[PDB]
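# I would like the atomic coordinates for the input below:
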Amino acid sequence: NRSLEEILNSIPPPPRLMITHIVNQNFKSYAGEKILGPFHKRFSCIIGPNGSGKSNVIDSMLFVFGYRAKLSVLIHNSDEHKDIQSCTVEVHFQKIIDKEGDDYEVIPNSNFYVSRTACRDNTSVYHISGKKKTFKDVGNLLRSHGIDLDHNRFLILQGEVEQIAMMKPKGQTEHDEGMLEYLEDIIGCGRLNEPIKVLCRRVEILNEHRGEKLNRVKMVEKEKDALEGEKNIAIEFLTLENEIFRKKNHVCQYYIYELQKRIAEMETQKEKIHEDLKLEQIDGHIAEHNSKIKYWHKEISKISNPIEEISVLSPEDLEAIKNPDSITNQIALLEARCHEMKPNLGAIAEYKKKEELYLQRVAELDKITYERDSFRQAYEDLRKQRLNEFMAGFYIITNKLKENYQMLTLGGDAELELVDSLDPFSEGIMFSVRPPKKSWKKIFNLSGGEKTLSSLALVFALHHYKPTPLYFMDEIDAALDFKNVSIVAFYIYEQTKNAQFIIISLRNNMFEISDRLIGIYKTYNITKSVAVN
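Numbers count the residues shown, from 1 in each chain. Please see the structure below:
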């Protein structure tokens, strides 16, 4: 359970190649060893009647590339040849320079030689140029060439296009994926768009309770504020009673100075008596010593300070018996305060503990909250950036789709209608198709051929957006007018010259645009092929 910051730091970031020849030994449709024909960089076709084994080959290339659908069906399956111990199929790849003229000047270096030996013991082993490997290494070198194998887009079968004609706009379950999520994978966002959505979701819920933590560190705060206010009143009472107590020490010091000033005056008078009668001076000395005995209270032990410290006006302000208000009001104030003291440092303790240290906890949860808001808006920025890239590529491919549909249908427009313009990730994207010289209507009331024509228009749109060098089609000519067949054949011939198109059909135009015509026939259940032009 890494933090989202560690997660957001750890974010994983988001001439041509031709097939020279294919040789197949103990192949499912080929008896013994058969060499497939040469394939031009421009065009090639495998034309013939249905049931000659073309479907067997196009499923075989899925089998040999790791796409799995008793490994004896992988070997030949017929009457004359039936399930020998192993089959070996080899395909040759070479580069070729992209020239506008009709050239077959390949690069003589063999780029790839993928040989799969599939035996009857449920074991299939892959070799690249005879080196015992997997299809993963061939796939990595194809990704170096810009070709992605496990993200399959280059192969089109029929079951895909009659899936396309009745797609839900979104994949409502884990086993369904709409064109929205598949395009999100295509555009390069689905690696980081949806996982960051689910990741921020849970973290924000964890963050919520952190905001709740910030709440219940001080859920009410009024009880502690009232308690520290009362104890602050007690502390201010302590300081004020200390000041009144200092005044009381001053008043007791006024009593000691009244006694001592009286002592000094009577020393002066008894010294006058001694100057002038002896026993009268002795009586003055006795009363002076009695007052010095009574002077013990000069060490005022109340706070010992005003104990020995005198005020300014010694003959007038330094007597306590002449000011009974100073005697009475100060001790009355002291008694009222000491009755009303209840002192505690809980004002300071609660202020430094719950108004500062729990405020420090609130500040730490404020920092966690700033992390939470930074995480949620870094999410909002990343999700909106991936969404903006997704709808930007979506606008690019819909412009390419609409221009392809306009030049293929020679009129009319098929356009994808969003559920909502802001974010079509809610429940999908609908599709509305207009046939030429027809009213604008839903796709559901239209022909299946119109749906397939819009699907091939989108396929042309994604190929124009992202150049995939290989494309495979099968039996598009059925239930379709020859006009659109020749139109898309002319599109494939004219707009694409480097891109190689392989189509399985019987109508003339799809191989009249073809540079290679691989005429394949099965005579006495022995399959032989010729490569005519």
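
# mind checking how far the residue nearest to residue 39 when sequence neighbours are not counted is from residue 470?
Nearest residue to residue 39, sequence neighbours excluded (Cβ to Cβ, 6 or more residues apart in numbering): residue 19, at 4.7 Å. Bear in mind the C-beta positions are built from the backbone N, C-alpha and C, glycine included. Going from residue 19 to residue 470 by Cβ to Cβ, to the nearest Å gives 8 Å.

# Tell me if residue 255 really is in a helix.
Yes - the assignment for residue 255 by DSSP: H, G, I helix; E, B strand; the rest coil puts it in a helix.

# Next, count neighbours for it.
18 (other Cβ atoms under 10 Å).

# does the spatially closest residue to it that is not a sequence neighbour count as helix, strand or coil?
Take residue 255 and drop its neighbours on the chain: the residue closest to it by Cβ to Cβ, 6+ apart is residue 320, 3.7 Å away. At residue 320, secondary structure determined by three-state DSSP is coil.

# Over to the residue positioned nearest the centre of the chain: give its phi and psi.
Centroid-nearest residue in the chain: residue 196, 2.2 Å away (criterion: Cα atoms, centre = their mean). For residue 196, the backbone dihedrals are phi -70, psi -30 (criterion: degrees, to the nearest 10).

# Pull the contacting residues for the nearest residue to it once chain neighbours are set aside.
The shortest distance from residue 196 to any non-neighbouring residue, by Cβ to Cβ, 6+ apart, is to residue 382 (5.9 Å). By Cβ atoms under 8 Å, 6 or more residues apart in numbering, residue 382 lies in contact with 8, 192, 196.

# Can you tell me the element residue 382 falls in?
Assessed by DSSP states H and E, residue 382 sits inside helix 358-409.

# Residue 109 now?
strand 106-119.

# And residue 260, how close does it get to residue 118?
124 Å.

# how far away is residue 99 from residue 497?
On the measure of Cβ to Cβ, residue 99 and residue 497 end up 9 Å apart.

# The nearest residue to residue 147 once chain neighbours are set aside: neighbour count?
Leaving aside its sequence neighbours, residue 147 sits nearest to residue 469 (Cβ to Cβ, 6+ apart; 6.8 Å). Neighbourhood size, residue 469 [other Cβ under 10 Å]: 17.

# I figured residue 469 hits residue 16, correct?
Yes - using Cβ atoms under 8 Å, residue 469 is in contact with residue 16, at 5.7 Å.

# Give me the common contacts of the two.
Common neighbours of residue 469 and residue 16 (Cβ under 8 Å, 6+ apart) are residue 498.

# quick check, residue 531 in a helix?
No - read with three-state DSSP, residue 531 is strand and lies in no helix.

# mind checking how far the nearest residue to residue 466 once chain neighbours are set aside is from residue 352?
Closest residue to residue 466 apart from its sequence neighbours, by Cβ to Cβ, 6+ apart: residue 186 at 7.5 Å. To residue 352, residue 186 is 60 Å away according to Cβ to Cβ.

# neighbour-wise, which of the two wins?
Neighbours per residue, other Cβ under 10 Å: of residue 186 and residue 352, the larger number sits with residue 186, 19 against 15.

# can you tell me how far that one sits from residue 116?
Counting by Cβ to Cβ, the gap from residue 186 to residue 116 is 28 Å.

# right, and residue 514 touches residue 46 too?
No - using Cβ under 8 Å, residue 514 is not in contact with residue 46; the gap is 9.5 Å.

# The two: which has the busier surroundings?
Set residue 514 next to residue 46 and count neighbours by other Cβ under 10 Å: residue 46 wins out with 26 against 23.

# How about the contacts made by the more buried one?
Applying Cβ under 8 Å, 6+ apart, the residues near residue 46 are 54, 57, 502, 504, 518, 520.

# If we ignore the residues flanking it in sequence, what's nearest the second one?
In space, and not counting its chain neighbours, residue 57 is closest to residue 29: 6.3 Å by Cβ to Cβ, 6+ apart.

# now swap in residue 168 and tell me
Per Cβ to Cβ, 6+ apart, closest to residue 168 is residue 178, 5.9 Å.

# how far away is the one you found from residue 310?
The value you get for residue 178 to residue 310, if Cβ to Cβ is used, is 98 Å.

# Kindly report the same for residue 325.
20 Å.

# so which of the contacts of residue 46 comes closest to residue 107?
residue 502 (20.6 Å; Cβ to Cβ).

# For the helix or strand harbouring that closest one, name the packing helices and strands.
Secondary structure assignment for residue 502, by DSSP H and E: strand 500-504. Packing contacts for strand 500-504, counted by 3 or more Cβ pairs under 8 Å, 6 or more residues apart in numbering; DSSP states H and E, involve helix 54-64, strand 470-474.

# Of the ones you listed, which is nearest residue 315?
Taking the helices and strands packed on strand 500-504 one by one with Cβ to Cβ, strand 470-474 is closest: 120.9 Å.
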